[PDB]
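Quick look at upload22.cif (mmCIF, C-alpha atoms; chains and numbers go by the auth columns):
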data_input
#
loop_
_atom_site.group_PDB
_atom_site.id
_atom_site.type_symbol
_atom_site.label_atom_id
_atom_site.label_comp_id
_atom_site.label_asym_id
_atom_site.label_seq_id
_atom_site.Cartn_x
_atom_site.Cartn_y
_atom_site.Cartn_z
_atom_site.B_iso_or_equiv
_atom_site.auth_seq_id
_atom_site.auth_asym_id
ATOM 1 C CA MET A 1 10.575 24.650 -10.912 0.00 1 A
ATOM 2 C CA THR A 2 13.903 26.301 -10.153 0.00 2 A
ATOM 3 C CA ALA A 3 14.082 24.038 -7.095 0.00 3 A
ATOM 4 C CA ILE A 4 14.494 21.102 -9.484 0.00 4 A
ATOM 5 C CA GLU A 5 17.100 23.013 -11.520 0.00 5 A
ATOM 6 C CA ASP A 6 19.524 23.377 -8.606 0.00 6 A
ATOM 7 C CA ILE A 7 18.569 20.001 -7.106 0.00 7 A
ATOM 8 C CA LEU A 8 19.419 18.159 -10.329 0.00 8 A
ATOM 9 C CA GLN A 9 22.031 20.760 -11.434 0.00 9 A
ATOM 10 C CA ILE A 10 20.331 21.083 -14.817 0.00 10 A
ATOM 11 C CA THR A 11 18.762 24.007 -16.663 0.00 11 A
ATOM 12 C CA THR A 12 17.238 24.306 -20.125 0.00 12 A
ATOM 13 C CA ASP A 13 19.093 27.329 -21.548 0.00 13 A
ATOM 14 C CA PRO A 14 21.409 26.788 -19.532 0.00 14 A
ATOM 15 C CA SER A 15 24.773 28.578 -19.637 0.00 15 A
ATOM 16 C CA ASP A 16 24.814 31.516 -17.242 0.00 16 A
ATOM 17 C CA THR A 17 26.700 32.258 -14.018 0.00 17 A
ATOM 18 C CA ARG A 18 27.217 28.573 -13.150 0.00 18 A
ATOM 19 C CA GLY A 19 28.540 25.274 -14.440 0.00 19 A
ATOM 20 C CA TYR A 20 25.266 23.366 -14.250 0.00 20 A
ATOM 21 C CA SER A 21 25.104 20.492 -16.723 0.00 21 A
ATOM 22 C CA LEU A 22 23.769 21.477 -20.135 0.00 22 A
ATOM 23 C CA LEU A 23 20.359 20.153 -21.177 0.00 23 A
ATOM 24 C CA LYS A 24 20.720 18.126 -24.381 0.00 24 A
ATOM 25 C CA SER A 25 19.233 17.516 -26.828 0.00 25 A
ATOM 26 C CA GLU A 26 15.751 16.133 -27.398 0.00 26 A
ATOM 27 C CA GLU A 27 13.139 18.510 -28.789 0.00 27 A
ATOM 28 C CA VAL A 28 10.540 18.108 -26.012 0.00 28 A
ATOM 29 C CA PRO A 29 13.041 19.004 -23.173 0.00 29 A
ATOM 30 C CA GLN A 30 13.541 22.501 -24.600 0.00 30 A
ATOM 31 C CA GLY A 31 10.573 24.547 -23.363 0.00 31 A
ATOM 32 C CA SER A 32 11.105 26.890 -20.409 0.00 32 A
ATOM 33 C CA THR A 33 8.714 24.985 -18.156 0.00 33 A
ATOM 34 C CA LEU A 34 9.174 22.005 -15.838 0.00 34 A
ATOM 35 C CA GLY A 35 6.668 20.073 -13.764 0.00 35 A
ATOM 36 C CA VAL A 36 5.606 16.777 -12.245 0.00 36 A
ATOM 37 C CA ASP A 37 5.865 14.699 -15.427 0.00 37 A
ATOM 38 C CA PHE A 38 9.385 15.853 -16.396 0.00 38 A
ATOM 39 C CA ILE A 39 11.710 14.435 -13.727 0.00 39 A
ATOM 40 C CA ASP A 40 11.837 11.032 -15.450 0.00 40 A
ATOM 41 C CA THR A 41 12.955 12.522 -18.764 0.00 41 A
ATOM 42 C CA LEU A 42 15.713 14.687 -17.272 0.00 42 A
ATOM 43 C CA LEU A 43 17.229 11.740 -15.396 0.00 43 A
ATOM 44 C CA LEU A 44 17.254 9.625 -18.572 0.00 44 A
ATOM 45 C CA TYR A 45 19.716 12.095 -20.102 0.00 45 A
ATOM 46 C CA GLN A 46 21.864 12.638 -17.008 0.00 46 A
ATOM 47 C CA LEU A 47 22.487 8.927 -16.403 0.00 47 A
ATOM 48 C CA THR A 48 22.959 7.925 -20.056 0.00 48 A
ATOM 49 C CA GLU A 49 28.027 13.880 -19.626 0.00 49 A
ATOM 50 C CA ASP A 50 31.565 10.064 -14.611 0.00 50 A
ATOM 51 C CA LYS A 51 30.147 8.952 -11.239 0.00 51 A
ATOM 52 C CA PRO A 52 26.383 8.633 -11.794 0.00 52 A
ATOM 53 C CA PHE A 53 25.805 6.941 -8.453 0.00 53 A
ATOM 54 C CA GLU A 54 27.699 9.672 -6.605 0.00 54 A
ATOM 55 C CA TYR A 55 25.729 12.279 -8.541 0.00 55 A
ATOM 56 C CA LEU A 56 22.397 10.664 -7.659 0.00 56 A
ATOM 57 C CA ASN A 57 23.410 10.364 -4.002 0.00 57 A
ATOM 58 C CA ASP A 58 24.404 14.039 -3.991 0.00 58 A
ATOM 59 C CA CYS A 59 21.061 14.933 -5.576 0.00 59 A
ATOM 60 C CA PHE A 60 19.302 12.940 -2.859 0.00 60 A
ATOM 61 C CA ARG A 61 21.395 14.728 -0.213 0.00 61 A
ATOM 62 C CA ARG A 62 20.414 18.118 -1.608 0.00 62 A
ATOM 63 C CA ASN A 63 16.787 16.970 -1.802 0.00 63 A
ATOM 64 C CA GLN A 64 16.933 16.015 1.885 0.00 64 A
ATOM 65 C CA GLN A 65 18.626 19.286 2.900 0.00 65 A
ATOM 66 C CA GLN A 66 15.999 21.206 0.950 0.00 66 A
ATOM 67 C CA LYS A 67 13.375 19.518 3.134 0.00 67 A
ATOM 68 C CA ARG A 68 14.878 21.345 6.116 0.00 68 A
ATOM 69 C CA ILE A 69 15.248 24.486 3.991 0.00 69 A
ATOM 70 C CA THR A 70 11.643 24.458 2.785 0.00 70 A
ATOM 71 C CA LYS A 71 9.738 23.238 5.860 0.00 71 A
ATOM 72 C CA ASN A 72 10.534 26.634 7.422 0.00 72 A
ATOM 73 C CA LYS A 73 9.252 28.375 4.275 0.00 73 A
ATOM 74 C CA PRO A 74 5.740 29.780 3.693 0.00 74 A
ATOM 75 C CA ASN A 75 5.205 27.625 0.600 0.00 75 A
ATOM 76 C CA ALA A 76 6.185 24.163 1.858 0.00 76 A
ATOM 77 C CA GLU A 77 2.823 22.615 0.879 0.00 77 A
ATOM 78 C CA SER A 78 2.922 23.523 -2.826 0.00 78 A
ATOM 79 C CA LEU A 79 6.318 21.863 -3.398 0.00 79 A
ATOM 80 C CA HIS A 80 5.425 18.851 -1.233 0.00 80 A
ATOM 81 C CA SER A 81 4.314 16.894 -4.294 0.00 81 A
ATOM 82 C CA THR A 82 7.529 17.946 -6.056 0.00 82 A
ATOM 83 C CA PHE A 83 9.646 16.591 -3.206 0.00 83 A
ATOM 84 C CA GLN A 84 7.592 13.384 -3.015 0.00 84 A
ATOM 85 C CA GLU A 85 8.041 12.717 -6.728 0.00 85 A
ATOM 86 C CA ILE A 86 11.750 13.564 -6.532 0.00 86 A
ATOM 87 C CA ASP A 87 12.149 11.088 -3.658 0.00 87 A
ATOM 88 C CA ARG A 88 10.285 8.536 -5.768 0.00 88 A
ATOM 89 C CA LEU A 89 12.130 8.921 -9.081 0.00 89 A
ATOM 90 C CA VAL A 90 15.682 9.757 -7.960 0.00 90 A
ATOM 91 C CA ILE A 91 15.585 6.745 -5.634 0.00 91 A
ATOM 92 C CA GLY A 92 14.142 4.548 -8.373 0.00 92 A
ATOM 93 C CA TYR A 93 16.836 5.593 -10.829 0.00 93 A
ATOM 94 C CA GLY A 94 19.546 5.174 -8.199 0.00 94 A
ATOM 95 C CA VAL A 95 18.375 1.603 -7.686 0.00 95 A
ATOM 96 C CA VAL A 96 18.240 1.106 -11.462 0.00 96 A
ATOM 97 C CA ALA A 97 21.820 2.381 -11.777 0.00 97 A
ATOM 98 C CA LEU A 98 22.745 -0.346 -9.272 0.00 98 A
ATOM 99 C CA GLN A 99 20.250 -2.826 -10.741 0.00 99 A
ATOM 100 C CA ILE A 100 22.113 -3.734 -13.949 0.00 100 A
ATOM 101 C CA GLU A 101 25.724 -3.198 -15.003 0.00 101 A
ATOM 102 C CA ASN A 102 24.840 -1.720 -18.412 0.00 102 A
ATOM 103 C CA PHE A 103 22.453 1.065 -17.390 0.00 103 A
ATOM 104 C CA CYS A 104 24.981 3.842 -16.752 0.00 104 A
ATOM 105 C CA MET A 105 27.482 4.008 -19.611 0.00 105 A
ATOM 106 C CA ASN A 106 30.001 6.157 -17.695 0.00 106 A
ATOM 107 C CA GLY A 107 30.974 4.681 -14.333 0.00 107 A
ATOM 108 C CA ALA A 108 30.946 0.995 -13.361 0.00 108 A
ATOM 109 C CA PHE A 109 29.884 -0.842 -10.209 0.00 109 A
ATOM 110 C CA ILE A 110 33.543 -1.089 -9.161 0.00 110 A
ATOM 111 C CA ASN A 111 33.794 2.694 -9.559 0.00 111 A
ATOM 112 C CA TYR A 112 30.634 3.271 -7.500 0.00 112 A
ATOM 113 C CA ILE A 113 31.602 0.980 -4.624 0.00 113 A
ATOM 114 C CA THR A 114 35.163 2.336 -4.528 0.00 114 A
ATOM 115 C CA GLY A 115 33.897 5.818 -3.712 0.00 115 A
ATOM 116 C CA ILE A 116 31.205 4.300 -1.504 0.00 116 A
ATOM 117 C CA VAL A 117 33.870 2.694 0.673 0.00 117 A
ATOM 118 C CA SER A 118 35.900 5.916 0.483 0.00 118 A
ATOM 119 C CA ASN A 119 33.068 8.080 1.861 0.00 119 A
ATOM 120 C CA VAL A 120 30.447 5.646 3.185 0.00 120 A
ATOM 121 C CA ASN A 121 29.330 8.247 5.742 0.00 121 A
ATOM 122 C CA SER A 122 27.361 9.945 2.950 0.00 122 A
ATOM 123 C CA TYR A 123 25.973 6.855 1.179 0.00 123 A
ATOM 124 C CA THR A 124 24.958 4.975 4.337 0.00 124 A
ATOM 125 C CA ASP A 125 21.548 6.667 4.258 0.00 125 A
ATOM 126 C CA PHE A 126 20.775 6.648 0.529 0.00 126 A
ATOM 127 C CA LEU A 127 21.563 2.949 0.215 0.00 127 A
ATOM 128 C CA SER A 128 19.004 2.388 2.973 0.00 128 A
ATOM 129 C CA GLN A 129 16.229 3.825 0.831 0.00 129 A
ATOM 130 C CA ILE A 130 17.698 1.907 -2.109 0.00 130 A
ATOM 131 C CA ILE A 131 17.171 -1.404 -0.335 0.00 131 A
ATOM 132 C CA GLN A 132 13.810 -0.259 1.023 0.00 132 A
ATOM 133 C CA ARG A 133 12.590 0.387 -2.522 0.00 133 A
ATOM 134 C CA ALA A 134 14.096 -2.865 -3.794 0.00 134 A
ATOM 135 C CA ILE A 135 12.652 -5.181 -1.132 0.00 135 A
ATOM 136 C CA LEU A 136 8.940 -4.638 -1.718 0.00 136 A
ATOM 137 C CA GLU A 137 9.497 -4.895 -5.477 0.00 137 A
ATOM 138 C CA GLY A 138 11.211 -8.235 -4.874 0.00 138 A
ATOM 139 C CA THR A 139 13.890 -7.857 -7.541 0.00 139 A
ATOM 140 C CA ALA A 140 16.788 -7.603 -5.092 0.00 140 A
ATOM 141 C CA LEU A 141 18.165 -11.152 -5.073 0.00 141 A
ATOM 142 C CA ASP A 142 20.157 -10.493 -8.251 0.00 142 A
ATOM 143 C CA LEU A 143 21.515 -7.255 -6.784 0.00 143 A
ATOM 144 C CA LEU A 144 22.618 -9.072 -3.650 0.00 144 A
ATOM 145 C CA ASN A 145 24.558 -11.229 -6.140 0.00 145 A
ATOM 146 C CA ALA A 146 25.834 -8.199 -8.065 0.00 146 A
ATOM 147 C CA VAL A 147 26.994 -5.688 -5.449 0.00 147 A
ATOM 148 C CA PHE A 148 28.920 -7.967 -3.063 0.00 148 A
ATOM 149 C CA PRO A 149 31.238 -9.601 -5.645 0.00 149 A
ATOM 150 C CA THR A 150 32.025 -6.099 -6.904 0.00 150 A
ATOM 151 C CA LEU A 151 33.506 -5.079 -3.551 0.00 151 A
ATOM 152 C CA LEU A 152 35.052 -8.555 -3.382 0.00 152 A
ATOM 153 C CA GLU A 153 36.957 -7.987 -6.630 0.00 153 A
ATOM 154 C CA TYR A 154 37.863 -4.473 -5.477 0.00 154 A
ATOM 155 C CA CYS A 155 39.387 -5.856 -2.270 0.00 155 A
ATOM 156 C CA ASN A 156 41.092 -8.692 -4.163 0.00 156 A
#
Encoding of this model in structure tokens:
Amino acid sequence: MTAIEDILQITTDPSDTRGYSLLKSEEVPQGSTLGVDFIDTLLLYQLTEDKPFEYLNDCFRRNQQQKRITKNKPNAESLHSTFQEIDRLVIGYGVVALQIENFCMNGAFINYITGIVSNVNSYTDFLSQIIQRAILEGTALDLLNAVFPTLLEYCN
């Protein structure tokens, strides 16, 4: 549970000892209990609080680092489903954020790709899983038409 709270930098209460993003404001996301069927709801608030793509890539980076952290822990099998569902949903929502222009209301494709070019050494892996998820779905032809002209206009 608390693994998700630091991974997604979100807590219910939440204001104590850290600047984790406040949890607002729907009635259901108020109980002091998280689980398998909650990751979707939390991401729907975080994406729609300026760089949602950078935030999702950082969350994926922390999720990956926590794999190394937790594999050497006695309870790596209990949270295995948690990590699998995080890798599913965070990746799905990262693709969605770069699937249509009007999904994330703060931060545009030009803003994402600008930082991507600035620090591509950190996005070069997450974008791989992005394309891997997109390909088998088949809805990637439009995104090949959406992402490239963005960098084109940036460079122009």
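Each of A:109, A:86, A:73, A:33 was checked against residue 149 (chain A) using only C-alpha atoms; the smallest atom-to-atom distance is that of A:109.
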First collect every listed atom of region 44-58 of chain A; then fit an axis-aligned box around them, widen it by 3 Å on each side, and give centre and edge lengths in Å to one decimal, as AutoDock Vina command-line options.
--center_x 24.4 --center_y 10.5 --center_z -12.0 --size_x 20.3 --size_y 13.1 --size_z 22.1
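Interatomic distance, CA of residue 12 (chain A) against CA of residue 24 (chain A): 8.3 Å.
Residues lying within 12 Å of (14.9, -5.7, -4.7). Counted over all atoms listed in the file, they are residues 92, 95, 96, 98, 99, 100, 127, 128, 129, 130, 131, 132, 133, 134, 135, 136, 137, 138, 139, 140, 141, 142, 143, 144, 145 and 146 of chain A.
Separating CA of residue 102 (chain A) from CA of residue 61 (chain A) is a distance of 24.8 Å.
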Which residues, written as a compact mmCIF listing (two decimals) with C-alpha atoms, in the coordinates of the input, have at least one atom at most 12 Å from residue 44 (chain A), with all atoms listed in the file counted and residues fewer than 2 positions away on the same chain left out?
# COMPACT_ATOMS: atom_id res chain seq x y z
CA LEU A 23 20.36 20.15 -21.18
CA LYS A 24 20.72 18.13 -24.38
CA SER A 25 19.23 17.52 -26.83
CA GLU A 26 15.75 16.13 -27.40
CA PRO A 29 13.04 19.00 -23.17
CA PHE A 38 9.38 15.85 -16.40
CA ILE A 39 11.71 14.44 -13.73
CA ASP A 40 11.84 11.03 -15.45
CA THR A 41 12.96 12.52 -18.76
CA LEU A 42 15.71 14.69 -17.27
CA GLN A 46 21.86 12.64 -17.01
CA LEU A 47 22.49 8.93 -16.40
CA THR A 48 22.96 7.92 -20.06
CA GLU A 49 28.03 13.88 -19.63
CA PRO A 52 26.38 8.63 -11.79
CA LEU A 89 12.13 8.92 -9.08
CA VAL A 90 15.68 9.76 -7.96
CA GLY A 92 14.14 4.55 -8.37
CA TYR A 93 16.84 5.59 -10.83
CA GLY A 94 19.55 5.17 -8.20
CA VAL A 96 18.24 1.11 -11.46
CA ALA A 97 21.82 2.38 -11.78
CA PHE A 103 22.45 1.06 -17.39
CA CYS A 104 24.98 3.84 -16.75
CA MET A 105 27.48 4.01 -19.61
Checklist entry - Just how far from CA of residue 113 (chain A) is CA of residue 87 (chain A), in Å to one decimal? => result 21.9 Å
Checklist entry - Can you list, as a VMD selection string, every protein, DNA or RNA residue that comes within 10 Å of residue 5 (chain A) when you count only C-alpha atoms, leaving out same-chain residues fewer than 6 positions away? => result chain A and resid 11 to 12 14 20 to 21 34
Would you write out those residues with C-alpha atoms, as a short mmCIF file (atom, residue, chain, number, x, y, z; two decimals), keeping the file's coordinate frame?
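So the final result, stored in result-v8.cif, reads:
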data_model
loop_
_atom_site.label_atom_id
_atom_site.label_comp_id
_atom_site.auth_asym_id
_atom_site.auth_seq_id
_atom_site.Cartn_x
_atom_site.Cartn_y
_atom_site.Cartn_z
CA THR A 11 18.76 24.01 -16.66
CA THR A 12 17.24 24.31 -20.12
CA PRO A 14 21.41 26.79 -19.53
CA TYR A 20 25.27 23.37 -14.25
CA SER A 21 25.10 20.49 -16.72
CA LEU A 34 9.17 22.00 -15.84
#
Checklist entry - If you apply the PyMOL selection byres ((chain A and resi 6) around 12) to this file, what residues do you get, as an MDAnalysis selection string? => result chainID A and resid 1:5 7:12 14 18:21 58:60 62:63 66
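Taken over the shown file, the PyMOL selection byres ((chain A and resi 50) around 7) identifies residues 51, 52, 106 and 107 of chain A.
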